[PDB]
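Working notes, beginning with the structure itself.
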Amino acid sequence: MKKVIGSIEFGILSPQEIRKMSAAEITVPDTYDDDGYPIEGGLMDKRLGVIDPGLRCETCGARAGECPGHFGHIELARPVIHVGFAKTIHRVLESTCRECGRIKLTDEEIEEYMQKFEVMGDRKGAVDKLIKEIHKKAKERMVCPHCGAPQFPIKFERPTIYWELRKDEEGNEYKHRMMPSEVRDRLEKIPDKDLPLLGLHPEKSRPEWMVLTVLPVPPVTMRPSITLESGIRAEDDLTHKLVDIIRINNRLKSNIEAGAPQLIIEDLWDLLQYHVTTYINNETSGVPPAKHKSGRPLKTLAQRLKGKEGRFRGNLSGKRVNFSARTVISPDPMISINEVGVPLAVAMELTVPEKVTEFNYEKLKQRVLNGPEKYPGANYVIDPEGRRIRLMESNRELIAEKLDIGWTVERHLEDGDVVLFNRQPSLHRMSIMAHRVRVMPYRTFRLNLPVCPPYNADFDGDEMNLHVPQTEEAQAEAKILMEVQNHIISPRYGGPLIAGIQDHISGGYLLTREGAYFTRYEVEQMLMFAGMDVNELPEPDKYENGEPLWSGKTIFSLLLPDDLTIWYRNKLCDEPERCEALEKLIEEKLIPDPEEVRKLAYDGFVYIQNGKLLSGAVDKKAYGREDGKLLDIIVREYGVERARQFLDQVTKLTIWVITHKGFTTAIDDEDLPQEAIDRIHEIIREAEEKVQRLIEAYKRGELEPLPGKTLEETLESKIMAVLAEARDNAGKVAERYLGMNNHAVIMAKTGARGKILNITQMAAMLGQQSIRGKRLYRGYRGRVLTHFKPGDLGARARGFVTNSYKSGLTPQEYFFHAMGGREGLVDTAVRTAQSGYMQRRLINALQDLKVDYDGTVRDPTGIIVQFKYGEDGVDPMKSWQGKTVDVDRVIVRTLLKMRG
Amino acid sequence: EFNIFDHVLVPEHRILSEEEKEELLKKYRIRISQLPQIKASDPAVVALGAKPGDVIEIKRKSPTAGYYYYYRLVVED
Amino acid sequence: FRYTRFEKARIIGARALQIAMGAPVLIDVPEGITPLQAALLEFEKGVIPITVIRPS
Amino acid sequence: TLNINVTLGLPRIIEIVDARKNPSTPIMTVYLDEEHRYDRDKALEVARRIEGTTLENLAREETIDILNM
DNA sequence: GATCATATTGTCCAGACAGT
DNA sequence: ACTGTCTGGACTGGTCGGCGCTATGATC
Ligand SMILES: [Mg+2]
Ligand SMILES: [Zn+2]
Ligand SMILES: [Zn+2]
């Protein structure tokens with residue numbers, strides 16, 4: 001059968017294990033000869049694997065691409081210290097007797113630590129603290145309790161140098177260098193019983209194994225060799241490092257065999273130690289990194305695992321995948337929110353493997369007969385034996401007549417297929433959702449507009465990735481869990497995320513506003529466009545010139561369910577006295593007459609009774625993101641499919657309404673009368689006079705300092721407050737003369753796009769430009785620009801733009817606005833990286849937490865983090881405004897349903 | 001003197017009995033080492049006079065559930 | 001007793017995998033559909049034979 | 001958004017989740033009992049009792065004198 | 001004129017550590 | 001027991017494409 005990995009046990013490889021697992025001994029530094037054949041005994045020996053296609057492995061007998069590679073070994077002439085175990089070696093040497101070999105602890109202390117180790121074993125932090133305490137206790141001891149032999153302090157010098165402070169005959173203290181052979185001999189005397197006290201395992205990690213005597217050379221598959229376009233081989237950095245190691249080891253062995261003096265032996269030993277240390281880690285502190293001939297700092301085994309481009313993050317936690325596509329996205333309101341537009345070229349390339357069954361034999365046979373060049377067709381066919389056959393014109397008929405039950409047909413992407421649609425960066429779980437394939441002739445992806453806010457995607461050149469699941473389990477998981485309609489409500493705040501946007505909101509406002517009426521032709525056309533299942537028109541609301549007319553509220557009410565009742569205040573409510581009468585009428589009777597409601601109907605108060613929009617207008621509070629009460633109620637009380645249908649119908653209806661009525665903005669939308677401009681100029685002049693008076697008072701010393709601040713900050717705060725008040729007054733003056741008939745004002749007030757402040761800047765004035773919360777000061781001595789006098793603290797000299805976008809900015813005001821915009825762009829480009837790093841840290845901290853079947857949240861070890869998730873066991877996605885149950889809404893809905 | 005439990009941020013702390021601790025362990029099917037830990041030098045522990053090895057029942061003021069029960073095991077510093 | 005989304009997805013995936021390599025459909029299905037569609041139809045008809053083991 | 005003197009935002013949440021031993025610009029919220037929370041004079045004297053005042057802030061200027069050493 | 005060995009050894013935050 | 005100092009580390013994801021660079025000195 002098949003087996004899976006249950007657990008992984010780590011340790012230090014013994015020299016005997018390295019020798020036994022080795023397939024060959026490497027002694028020749030050279031890799032390839034002049035003819036290009038591998039050299040026997042070299043680093044590219046065929047016993048370690050094969051890279052070239054024509055080569056055959058002497059250990060496996062297989063060809064390139066399927067030989068896994070085999071490890072070698074190098075017999076070092078002298079032992080060397082592993083740089084990754086240097087601190088542990090120093091700690092163990094400090095914590096152990098030099099000649100006796102036992103740990104410098106009493107028997108009672110050893111027993112006490114042995115019993116304490118069993119109690120604290122689950123938490124690795126407790127074990128680390130116990131190890132540190134044992135090391136600290138054993139370090140201060142200068143006499144071994146087991147034998148009474150005197151001890152000397154051991155000094156550790158980076159990277160792998162150990163100094164022993166021995167005492168001379170006259171009492172002088174001199175440093176004695178401990179060679180790796182002496183260190184290994186000292187480590188060999190430690191018994192197995194003291195190893196748990198030192199944090200080592202008797203059978204897995206012996207202390208003497210931390211001093212390397214046999215170096216395992218990696219297989220050639222781990223360090224592949226390529227050839228360039230000019231025929232010159234490009235060896236890996238590990239290959240060059242191993243070449244240097246082999247050369248130095250051979251030179252050291254030859255010098256040892258030649259009886260060289262000890263001075264040469266120490267130099268060669270140090271060179272070999274440096275080479276081994278750089279091979280293990282080329283970024284070790286205090287070590288000059290190994291450099292290539294061209295000057296390139298080589299990357300080694302340590303660099304291949306850590307970092308963004310390491311083995312873990314770059315190849316294990318994340319990697320490139322097959323059956324994926326990426327292209328520019330384009331809007332498509334005609335498709336549903338559950339659908340994605342797939343190009344025909346993309347569909348004809350990406351394939352889904354479908355097994356031949358009894359109920360789909362004819363379809364797959366037709367797909368095979370069509371071939372790869374005829375849509376809908378197939379590209380590959382897999383027999384039950386498991387081999388893959390490519391489909392072409394010559395053999396498409398032979399395969400088609402040979403098709404049977406159990407075959408696999410890699411047909412092209414068809415309508416209704418489930419694929420993954422993703423936009424980067426993936427900040428939340430809504431960044432990847434499963435859509436339905438819709439095949440289109442052009443070369444762009446198509447995404448429905450309400451699905452843009454979950455992706456945070458616009459259409460100014462955005463590109464998105466498409467993934468096609470290949471297994472039945474993955475397809476089922478995508479279809480059940482990751483469908484678009486299943487994630488309308490955002491789990492972050494428990495509100496709508498897949499909601500209407502600017503044009504939908506504007507069209508809804510245009511349709512549902514007071515005085516909006518449509519002819520029979522317009523109503524029928526918008527009903528056909530929206531796909532609503534309406535066969536007969538309702539009774540006309542009024543007649544004009546002998547022609548029937550339908551109110552927009554009547555057309556909008558066809559979308560709502562017949563048993564839906566809700567009332568609230570939208571963003572268009574500017575006269576609360578009109579909403580108060582409606583609220584009192586609703587409260588008094590709880591079933592108000594529809595004629596009575598329409599008599600005192602107000603656009604700012606939306607009231608839906610039994611699915612009929614009796615009052616109010618559609619805005620961002622209707623079905624907008626994070627504010628749509630109607631959409632949120634529809635999701636919670638009618639399911640996700642009904643909500644998806646409602647969204648698909650209402651988006652098309654509002655799009656038709658806004659398209660044929662005519663929505664536009666012009667240069668006269670920001671126009672203001674002369675009296676408004678005069679008032680704005682008067683406000684600006686008054687603010688400038690106030691700033692000048694404050695400056696004069698500060699110069700005369702009459703300014704009262706604020707608590708906790710000196711005169712300069714007090715004056716700056718007063719000036720900024722005055723300028724902000726002036727900007728607010730100018731904005732109010734501009735808002736006074738901009739009525740509801742303005743399309744830009746409609747867009748700002750309905751929440752479709754933009755703000756009132758955006759219209760204020762173009763109409764009245766820009767205001768004060770500031771960076772880092774302070775007025776502009778960077779420039780010359782005492783002045784931002786030379787055009788102003790030195791020492792001028794006035795508003796105009798510090799970044800107060802009196803002009804507006806329509807009036808035209810002065811060059812100084814242009815420079816100030818450029819400073820502000822640069823500050824904003826820099827702030828965004830700096831904040832993004834910190835936010836991403838914090839998100840990665842949080843993800844890695846809370847990756848393993850999940851809710852068990854009993855409602856508890858536990859770590860993989862088993863420690864209970866929460867006895868109930870959220871202390872109430874309620875999903876934030878299904879929570880009503882952060883609460884457990886919306887009691888008032890339930891009571892009101894039940895009472896209305898039973899009394900209606 | 002100012003009691004440590006009069007603060008709004010400090011929830012009620014109560015030392016569980018032996019039978020109560022055994023019932024709590026049996027209910028969640030966990031060992032004594034799978035519970036959250038509280039240091040013996042904690043002000044609540046020294047106010048209650050508890051010793052390492054006991055389980056403290058904490059009556060949290062839940063913003064969502066009103067009142068929530070949390071359990072912590074006293075451990076040495 | 002109600003199925004969770006994860007349990008339903010796992011059941012549908014297992015049934016689709018079974019249908020792909022044998023396991024004839026227990027209900028009538030339209031021709032030309034995928035095994036995933038057949039598993040979804042079986043779940044809609046309430047005819048699935050796969051149960052869920054829960055801790056106790 | 002990046003950047004009295006409370007410095008909230010992304011740096012604040014970063015400091016919170018990183019369990020910083022000393023947060024940047026610490027702020028202490030101090031409440032008063034029934035004898036001091038009603039009138040401004042009692043609050044002012046409580047604040048001046050809490051606030052730490054040293055000699056360098058009280059001094060107007062610093063001048064080293066050599067005649068008296 | 002062809003080949004062959006050899007080719008060198010950037011601020012900030014947090015934990016550990018001499019100094020008083 | 002505090003306090004300033006030395007050392008280690010990580011520096012948001014994806015995508016697009018381009019542009020170089022991967023021997024040399026001394027015999028026989
Ligand atoms: Mg964009
Ligand atoms: Zn092999
Ligand atoms: Zn000894």
Side-chain angles (χ1 to χ4, degrees), chain A residues 28-31 33-35 39 87 91 128-129 132 135-136 139 156 158-159 225-237 239-241 243-248 250-251 267-268 270-279 281-298 302 306-310 313-314 317-321 324-329 422-428 431-432 455-457 461-467 828-844, chain D residues 10-11 14-15 17-24:
Chain A
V28 180
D30 209 8
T31 67
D33 43 45
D34 322 72
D35 326 298
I39 289 160
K87 243 186 145 178
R91 196 238 304 155
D128 290 350
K129 301 230 217 303
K132 221 170 295 315
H135 157 56
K136 202 171 115 128
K139 174 166 135 129
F156 174 54
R158 277 167 242 121
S225 64
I226 83 157
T227 192
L228 292 173
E229 71 271 71
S230 210
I232 310 140
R233 292 270 199 180
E235 293 314 297
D236 210 0
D237 305 356
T239 312
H240 298 113
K241 206 63 235 182
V243 160
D244 286 341
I245 283 175
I246 285 160
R247 185 161 38 82
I248 293 307
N250 282 343
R251 188 172 323 153
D267 188 60
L268 284 168
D270 283 356
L271 206 44
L272 181 65
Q273 172 74 75
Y274 160 80
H275 278 293
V276 168
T277 290
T278 37
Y279 170 69
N281 188 9
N282 211 21
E283 290 185 308
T284 316
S285 101
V287 167
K291 260 158 38 43
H292 209 193
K293 154 166 176 306
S294 93
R296 201 163 68 51
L298 308 169
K306 75 209 211 52
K308 212 165 307 194
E309 322 275 68
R313 292 172 72 174
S317 291
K319 60 194 100 176
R320 321 193 89 86
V321 296
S324 37
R326 162 175 190 109
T327 191
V328 195
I329 54 160
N422 162 58
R423 197 205 152 236
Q424 270 133 354
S426 322
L427 308 175
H428 52 190
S431 276
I432 309 195
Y455 293 122
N456 199 37
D462 289 45
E463 284 169 284
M464 258 171 90
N465 296 9
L466 193 106
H467 300 272
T828 56
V830 164
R831 169 241 298 147
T832 165
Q834 281 160 59
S835 93
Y837 188 34
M838 204 207 51
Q839 160 130 10
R840 160 145 214 275
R841 226 170 320 127
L842 274 148
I843 278 282
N844 269 264
Chain D
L10 183 64
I14 278 172
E15 284 172 18
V17 303
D18 280 3
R20 195 140 318 174
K21 281 273 171 32
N22 279 107
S24 77

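Keep in mind that the numbers below use all heavy atoms, side chains included, and drop hydrogens, waters and symmetry copies. Chain letters run A, B, ... following the sequence lines, proteins first and then strands; every chain starts at 1.
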Original post:
Given F:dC21, is OP1 or OP2 found less than 4.0 Å from the side-chain N or O atoms of A:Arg296?
Top reply: no
Subject >> Selection from E:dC4, F:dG14, F:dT22 that lies nearest to any side-chain heavy atom of A:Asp34 >> reply: E:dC4
Original post:
Between F:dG13, F:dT12, F:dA10, which nucleotide gets closest to the side-chain atoms of A:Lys306?
Top reply: F:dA10
**OP:** Verify salt bridge (charged side-chain N to carboxylate O under 4.0 Å, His left out) between A:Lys306 and A:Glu283, making sure each step is shown before the conclusion.
**Re:** CA-CA 11 Å; A:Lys306 75 209 211 52; A:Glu283 290 185 308; 3.6 Å; yes
**OP:** Would you check, one step at a time, whether the test side-chain contact (heavy atoms from CB on, under 4.5 Å) holds for A:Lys241 with A:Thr278?
**Re:** CA-CA 8 Å; A:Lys241 206 63 235 182; A:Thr278 37; 3.3 Å; yes
Subject >> Of the listed nucleotides F:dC11, F:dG14, F:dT12, the one nearest the side chain of A:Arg313 >> reply: F:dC11
**OP:** Check the distance between F:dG13's P and A:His428's NE2 and give it to me in whole angstrom.
**Re:** 17 Å
**OP:** Round to a whole Å and report the spacing from CD1 of D:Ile14 to P of E:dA14.
**Re:** 12 Å
Original post:
Taking OP1 and OP2 of F:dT15, is either one under 4.0 Å from a side-chain nitrogen or oxygen of A:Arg320?
Top reply: yes
Subject >> Ring pucker hemisphere for F:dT22, per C1'-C2'-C3'-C4' torsion >> reply: north
Subject >> Any A:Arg247 side-chain heavy atom under 4.5 Å of A:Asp244 side chain >> reply: yes
**OP:** For nucleotides E:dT8 and F:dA23, find the distance between their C1' atoms and express it as a whole number of Å.
**Re:** 16 Å
Subject >> Residue whose nearest DNA chain E nucleotide is more 5′ - D:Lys21 or A:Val243 >> reply: A:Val243
Original post:
Does the ring of F:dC11 sit north or south, if a positive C1'-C2'-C3'-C4' angle means north and a negative one means south?
Top reply: north
Original post:
Separation of A:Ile248 atom CD1 from E:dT9 atom P, in whole Å?
Top reply: 6 Å
Original post:
With distance as the sole criterion, do the side chain of A:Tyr837 and the base of F:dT12 form a donor-acceptor contact below 3.5 Å?
Top reply: no
Subject >> Nearest atoms (heavy-atom pairs only) where A:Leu427 meets A:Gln839 >> reply: O-NE2, 2.6 Å
**OP:** Scan side-chain atoms only and decide if A:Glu463 and A:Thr327 contain a donor-acceptor pair under the 3.5 Å cut-off.
**Re:** no
**OP:** Check every strand shown and say whether A:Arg841 touches a base, only sugar-phosphate, or nothing at a heavy-atom separation below 4.0 Å.
**Re:** nothing
Subject >> E:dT8 sugar pucker (north/south) via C1'-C2'-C3'-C4' >> reply: south
**OP:** Using a heavy-atom cut-off of under 4.0 Å over every strand shown, decide if A:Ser294 touches base, sugar-phosphate, or nothing.
**Re:** nothing
Subject >> Spacing between A:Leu298 atom CG and E:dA7 atom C1', to the nearest angstrom >> reply: 13 Å
Original post:
Only one of A:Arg423, A:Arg326, A:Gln424 forms a side chain to side chain contact (heavy atoms under 4.5 Å, CB included) with A:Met464, so which one is it?
Top reply: A:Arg423
Subject >> Outcome for E:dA7 when its sugar is typed by the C1'-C2'-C3'-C4' torsion >> reply: north
**OP:** Hey, which sits more toward the 5' end of DNA chain F by its nearest nucleotide, A:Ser426 or A:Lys293?
**Re:** A:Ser426
**OP:** For F:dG18 and E:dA14, measure between their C1' atoms and round to the nearest Å.
**Re:** 42 Å
Subject >> Euclidean distance for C1', E:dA7 against F:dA26 (whole angstrom) >> reply: 14 Å
Original post:
Should the sugar of F:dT12 be assigned to the north (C3'-endo side) or south (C2'-endo side) class according to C1'-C2'-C3'-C4'?
Top reply: north
**OP:** Examine A:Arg158 relative to A:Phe156 and say whether NZ or CZ is less than 6.0 Å from the centre of the six-membered ring and inside a 45° cone about the ring axis.
**Re:** no
**OP:** Compare all side-chain heavy atoms of D:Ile14 with those of A:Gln834 and state whether any distance is below 4.5 angstrom.
**Re:** yes
Original post:
Once you round it to whole Å, what is the distance between P of E:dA5 and NE2 of A:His240?
Top reply: 19 Å
Original post:
Touch check for D:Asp18, heavy atoms < 4.0 angstrom, all strands: base, sugar-phosphate only, or nothing?
Top reply: sugar-phosphate
**OP:** Could you work out which one of F:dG13, F:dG14, E:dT9 sits closest to the side chain of A:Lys308?
**Re:** F:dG13
**OP:** Could you measure between the two P atoms, the one in F:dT22 and the one in E:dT9, and give it in whole Å?
**Re:** 24 Å
**OP:** Grab the NE2-P distance between A:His467 and F:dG14 for me, whole Å please.
**Re:** 12 Å
Original post:
Using the P atom in both, what is the distance from E:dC4 to F:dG20, to the nearest Å?
Top reply: 34 Å
Original post:
Below 4.0 angstrom from OP1 or OP2 of F:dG8, is there any side-chain N or O of A:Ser285?
Top reply: yes
Subject >> Shortest non-hydrogen contact from A:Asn250 toward A:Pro29 >> reply: ND2-CD, 4.2 Å
Original post:
With Watson-Crick and G-U wobble geometry limited to distances under 3.5 Å, how should the secondary structure of DNA chain F be encoded in dot-bracket form, using | for bases paired to another strand and [ ] for crossing pairs?
Top reply: |||||||||.|...........||||||
Original post:
So, are A:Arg841 and D:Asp18 salt-bridged, with charged N and O less than 4.0 Å apart?
Top reply: yes
**OP:** Write down the distance separating the P atoms in F:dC6 and E:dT11, rounded off to the nearest Å.
**Re:** 16 Å
**OP:** Round to the nearest Å and state the distance from A:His292 atom NE2 to E:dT8 atom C1'.
**Re:** 14 Å
**OP:** Let me know the distance between CD of A:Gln839 and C1' of F:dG14, rounded to the nearest Å.
**Re:** 14 Å
Original post:
Base, sugar-phosphate alone, or nothing: which one does A:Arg251 contact when heavy atoms must sit under 4.0 Å apart?
Top reply: sugar-phosphate
**OP:** Please work out if A:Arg158 contacts a base, only the sugar-phosphate, or nothing of the nucleic acid, heavy-atom cut-off 4.0 Å.
**Re:** sugar-phosphate
Original post:
Does A:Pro288 or A:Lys87 map to a spot on DNA chain E nearer the 5' end, using the closest nucleotide for each?
Top reply: A:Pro288
**OP:** With DNA chain F as reference, determine whether A:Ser835 or A:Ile232 sits nearer its 5' end, using the nearest nucleotide of each.
**Re:** A:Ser835
Original post:
Taking the side chain of D:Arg20 as heavy atoms from C-beta outward, which of E:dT8, F:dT12, E:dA14 is closest to it?
Top reply: E:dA14
